[PDB]
Amino acid sequence: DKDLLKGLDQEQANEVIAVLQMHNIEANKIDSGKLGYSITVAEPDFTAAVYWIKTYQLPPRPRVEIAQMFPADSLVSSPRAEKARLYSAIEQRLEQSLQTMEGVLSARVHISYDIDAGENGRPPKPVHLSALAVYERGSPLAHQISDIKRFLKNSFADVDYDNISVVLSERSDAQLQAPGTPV
Amino acid sequence: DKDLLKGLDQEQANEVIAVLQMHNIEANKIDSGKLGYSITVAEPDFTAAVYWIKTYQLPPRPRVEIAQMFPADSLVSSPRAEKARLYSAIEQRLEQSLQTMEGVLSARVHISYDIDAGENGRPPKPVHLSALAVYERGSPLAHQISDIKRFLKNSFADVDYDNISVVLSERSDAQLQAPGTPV
Amino acid sequence: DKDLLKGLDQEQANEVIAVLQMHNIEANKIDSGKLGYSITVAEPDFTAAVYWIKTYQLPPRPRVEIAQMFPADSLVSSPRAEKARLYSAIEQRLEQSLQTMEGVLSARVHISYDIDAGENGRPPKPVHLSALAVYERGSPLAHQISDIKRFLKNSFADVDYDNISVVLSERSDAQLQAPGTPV
Amino acid sequence: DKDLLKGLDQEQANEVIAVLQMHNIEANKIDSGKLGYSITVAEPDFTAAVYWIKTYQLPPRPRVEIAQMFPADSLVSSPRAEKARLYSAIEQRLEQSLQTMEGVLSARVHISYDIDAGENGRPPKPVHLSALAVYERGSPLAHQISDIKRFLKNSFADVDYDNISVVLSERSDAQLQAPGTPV
Amino acid sequence: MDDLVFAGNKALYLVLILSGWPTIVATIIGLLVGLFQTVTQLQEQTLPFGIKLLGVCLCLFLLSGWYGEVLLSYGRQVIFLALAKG
Amino acid sequence: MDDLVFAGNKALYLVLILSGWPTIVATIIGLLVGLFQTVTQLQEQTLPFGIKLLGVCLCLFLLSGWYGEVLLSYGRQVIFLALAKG
Ligand SMILES: CCCCCCCCCCCC[N+](C)(C)[O-]
Ligand SMILES: CCCCCCCCCCCC[N+](C)(C)[O-]
Ligand SMILES: CCCCCCCCCCCC[N+](C)(C)[O-]
Ligand SMILES: CCCCCCCCCCCC[N+](C)(C)[O-]
Ligand SMILES: CCCCCCCCCCCC[N+](C)(C)[O-]
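Quick notes on the rules
Throughout, a per-chain count from 1 in the order the sequence is written supplies the residue numbers; the entry may number residues differently, and those without coordinates are omitted. Here the convention is simple: chains get letters from A, ligands get numbers from 1, in the order in which they are written. Keep in mind that this is only part of a larger assembly, and the values describe that part, not the whole. The side-chain quantities take in all heavy atoms of the structure and omit both hydrogens and water. Strands are runs of DSSP state E lasting at least 2 residues, helices are runs of H or I lasting at least 4, and numbering of each runs from the N terminus. Expected helix span is computed as 1.5 Å times (number of residues minus one). Only protein chains enter the area calculation, which uses a 1.4 Å probe; residues under 20% of their type maximum are buried, those over 50% are exposed, and those in between are partly exposed. Within this analysis, the arc is defined by the directions that extend from the helix axis to the C-beta atoms. Throughout, the term near means that a residue has one or more heavy atoms lying within 4 Å of the molecule or strand in question. A 1.4 Å probe and the Shrake-Rupley method give the accessible areas. Residues count as covered only by the protein chains that appear here. For helices, the axis comes from a line fit to the C-alpha atoms of the stretch in contact; other axes are also lines fit to C-alpha atoms, and the angle between any two N-to-C directions lies between 0 and 180 degrees. Rotating anticlockwise by less than a right angle from the far helix to the near helix defines a left-handed crossing, while the corresponding clockwise rotation defines a right-handed one. By the convention used here, residues are in contact when the closest approach between their heavy atoms is within 4.5 Å. Throughout, the ten residues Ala, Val, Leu, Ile, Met, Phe, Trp, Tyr, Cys and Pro are labelled nonpolar, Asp, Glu, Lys and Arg are labelled charged, and all others, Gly among them, are labelled polar. UniProt positions are given in the numbering used here, feature names are shortened, and annotations may be inferred rather than shown by experiment. The salt bridge definition used is simple: a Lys or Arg side-chain nitrogen within 4 Å of an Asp or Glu carboxyl oxygen. Residues enter a patch when their relative accessible area is above 30% and they make no salt bridge; the linking distance is 9 Å between like charges and 5 Å between nonpolar side chains (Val, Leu, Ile, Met, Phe, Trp, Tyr). We count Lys and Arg on the positive side and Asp and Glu on the negative side, and we leave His and both chain ends out. The location of each charge is read from NZ of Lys, CZ of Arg, CG of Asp or CD of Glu. Here a polar contact is taken to be a pair of N or O atoms separated by no more than 3.5 Å, where protein atoms must pair a possible hydrogen donor with a possible acceptor and residues adjacent in sequence count only if both atoms sit in side chains.

1. Notes on helix α4 (residues 141-153) of chain C
In an α-helix, one turn spans 3.6 residues, which is why side chains three or four residues apart end up on the same side. Residue and element names in this part refer to chain C. If you check α4, its first and last C-alpha atoms are 19 Å apart, about what 13 residues at 1.5 Å a residue would give, namely 18 Å. Taken residue by residue, α4 has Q144, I148, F151 and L152 as its buried positions. End-on, the buried residues of α4 take up no more than an arc of 95°, which puts them together on one face. Seen from the open side of α4, the exposed residues pointing more than 90 degrees away from its buried face are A142 and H143.

2. Looking at the site of ligand 4
All residues in the neighbourhood of ligand 4 are listed as F:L60, F:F61 and F:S64. Contact with the protein chains covers 30% of the free accessible surface of ligand 4, which is 490 Å².

3. Notes on the packing of helix α2 (residues 43-56) of chain A against helix α1 (residues 10-22) of chain B
Where α2(A) contacts α1(B), the axes come no closer than 9 Å and their chain directions differ by 120°. Along this stretch, α2(A) crosses α1(B), giving a crossing that reads as left-handed. Facing A:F46, A:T47, A:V50, A:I53 and A:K54 of α2(A), the residues of α1(B) in contact are B:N14, B:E15, B:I17, B:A18, B:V19 and B:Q21. In terms of residue class, the contact of α2(A) with α1(B) is built from six nonpolar, three polar and two charged.

4. Some words on the UniProt feature "transmembrane region" in chain E
Residues and elements named next belong to chain E. In the numbering used here, UniProt assigns the feature "transmembrane region" to residues 16-36 and 53-73. Taken end to end, residues 16-36 comprises 100% helix and 0% strand; its first and last C-alpha atoms sit 30 Å apart. As annotated, residues 53-73 comprises 100% helix and 0% strand, and the C-alpha atoms at either end are separated by 30 Å.

5. Overview of the pattern of salt bridges
Applying the stated criterion across every chain, the model contains 38 salt bridges over all chains. Taking the shortest distance from any N to any O, the salt bridge between A:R63 and A:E65 comes out at 3.1 Å. On the basis of relative accessible area, A:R63 is assigned to the partly exposed category, the value being 44%. Residues C:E119 and C:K125 are paired through a salt bridge, measuring 3.0 Å at the closest nitrogen-oxygen approach. Note on C:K125: relative accessible area 29%, which makes it partly exposed. Bridged by salt links that share partners, the residues A:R63, A:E65, A:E91, A:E95, A:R108 and B:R93 form one connected network.

6. Brief notes about a negative patch on the surface
Together, A:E170, B:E102, B:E136 and B:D147 give the surface a local cluster of negative charge. Note that B:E102 resides in the loop between α3 (79-98) and β4 (104-111).

7. A short note on the side chain of A:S165
Looking at the element boundaries, A:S165 is found in strand β6 (residues 164-170). With a relative accessible area of 1%, A:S165 lands in the buried category. A polar contact of 3.4 Å, which involves the side chain of A:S165, links it to the backbone oxygen of B:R150. If near-sequence neighbours (up to four positions away) are discounted, A:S165 is found in contact with A:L129, A:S130, A:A131, B:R150 and B:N154.

As structure tokens, this is what we get:
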């Protein structure tokens, strides 16, 4: 067996396994504890596995949130930093609320950070919002965009339907059958 | 066997192997632990391997992000350094969101840093955006530029469709068959 | 065998090897560990090897980046220094993005450093950009300049097509066959 | 055998060998480690070798770069010093970029240091540029001046084609045959 | 109103920030020299002054720039708050 | 403003070097007279002051000509800068 990757996290490993199985590559996950997980494949599949790891840029980088840049361990933080932490917490709370709606599997939300020129004496600017979401198969997406827009509009003090962008997509085909073992 | 490279990391090694396999050069990856990975090839292929290493300038440099220039552990932070870390984190969070859209494999995003003036005295100037992305084979690229533009427009306080550039490309042919071993 | 060079690094060694092989000179690489790499050639080829080493000025110098002159790990940083590190990071991030376009092998980018005046009490000059790129054989260079210009224009707050210079070139012929051994 | 020089560096010794070989003088390079390299010739060639060492002023002095005058690590810097380090880095970066153009072997760049006056309360003068380059044999120099002018023009905020000087030269004949040994 | 309260608060905040570093180094030098004079028994009293003068002047050289950028930005801000009403 | 930068930095450098010499002399004398009291194990308040005064007066008798040269040079230079534009 040939080593593809070592020292992976659990949530990196399960993503790599998922992407290899989709292309009919049988892979194995091994746990070394403090050394993390290792991924191995057979030689006939080695070439393909390498090319897919390249194409998808695996393993995935960790997920980024703006509050990571303003750790709140400061001695004191400016208005600019406080207003950033605030907005970054509202974004996460909204994504978690949308995941509870009917038939939504996952979503992402973005808010226009007015903080760029907070506290230069000038007045603030109206807010804008963007959302992505994934639906179960057979959902009337067109009829479901209205609900999302309606829900988002009243979460903020001044928002116009014109300023809300919504993009929806359906889930891909289910991967239920196991890949074939090399002869 | 002749040594091409030593002391690589895991990402550098997999990128090298991928590019060599594409040109029909069979290569071997060896792990020395604390010394990293080593790459070796047969003599008949040594010349070619050297030429391709030179042409692609492997092994790749690590990826660059603007926040690396303004460590938060500094004794002092100015407004310029704070706004630099803010924009450097929004760019990354947009790239991570685009990777979730239907049929995208990877993407890159750029924002106009107006922070190179203090936003003082002179009023601030409108934002510009650029995006690059890669698509699965058989995608109507022309019809897909619209979605990206729509999604990006509302992510900031003031952006015009005229100020958004989008460049798309398709994935190359898959490298599935293994290279032949030298006689 | 005659010693040409000692204590080279890995990248220097592989550069020298590539240049010599192109001219039909068989060379050998030896590893001394903490003492680096050594390059040796046969006597019949010594004269030519010396002449080419002079002509190309090998071994290559380390690559220069502007931020090296204004290290961030320093007690205090003048505005000029911070304003310099910002640009010297944007340059590198654009190079790294261009390398991802279809068919490009490598690129270099340059930006006009307006920091060479503070422009305090003064209107800021417009930005100018220059770019160099190398393409795979059989690429329609003429039709590819447009994409690059379009992409670069929106990277900065105010850029005119007239202020963007682009120079393209094709890859040279591949060196695949091995050089002949002296009789 | 007579001693010409001792305690040389690697890159001094190689230049000396190259110049003696070009005039039909067979020379030998010896390594003493901590004592550096030594160069020896036969008595019949001693006179000629001394004449050429005088005429070319060998061994060469190291390259001079302006940043060596203004170290980054002094306690304090006036604006003039910082501004000089900045241009002293842009020169080196442009040289390294031009060396990647098609068929260029080596190049030199010079920039007008306006820094030697403040231009405070005053209009800062426009920039001037000079470049030297060496080409492989069979290059249409006349047609290649345009490319370099076009490329350098946009590297700075305000440059006129009139203010750019470019001087080109072809490579000399190749030294491939070895010199004859005294009878 | 809140603009008044904000600007007045910020004034004290800037005093604190700018003055803080010199007073820190003058403290640390005072403690170290005072200890040294107990570790080896010497009853001098100008030595602290001689050292701390060099200590304070050095960091005034270092921070000379940030001092002017902060005060300019503050002055522009308060002039805007005062005059730009509509 | 390279002129304001220069005149402002030089003023502080001149303060530091003009004042340093008397204080250095006073400190070295202070230490030696403090030591001698320890090796003699004999103690009084006044001996160090008495010697310090003489040490500083000699320092001034010697250097003072150079203090005048330095101050005149700076005095002219700043005036020429102030009225340089015309
Ligand atoms: C006894 C010295 C008291 C100095 C109080 C004022 C501190 C700021 C001095 C101006 C800024 C620093 N520098 C070096 C240009 O002078
Ligand atoms: C006592 C506060 C600290 C000293 C600095 C006072 C401000 C002086 C004027 C700053 C001018 C800045 N400059 C040269 C960029 O214009
Ligand atoms: C000797 C103590 C008083 C010296 C006062 C010098 C004032 C310099 C004002 C300008 C400071 C800011 N700077 C250097 C950027 O111009
Ligand atoms: C205790 C006296 C303090 C005087 C401070 C000024 C000293 C320098 C200027 C006076 C010099 C007099 N001198 C040496 C020319 O006679
Ligand atoms: C008793 C202390 C008197 C201090 C002031 C003495 C007068 C100023 C010095 C005048 C002479 C200056 N000098 C030495 C350059 O000629």
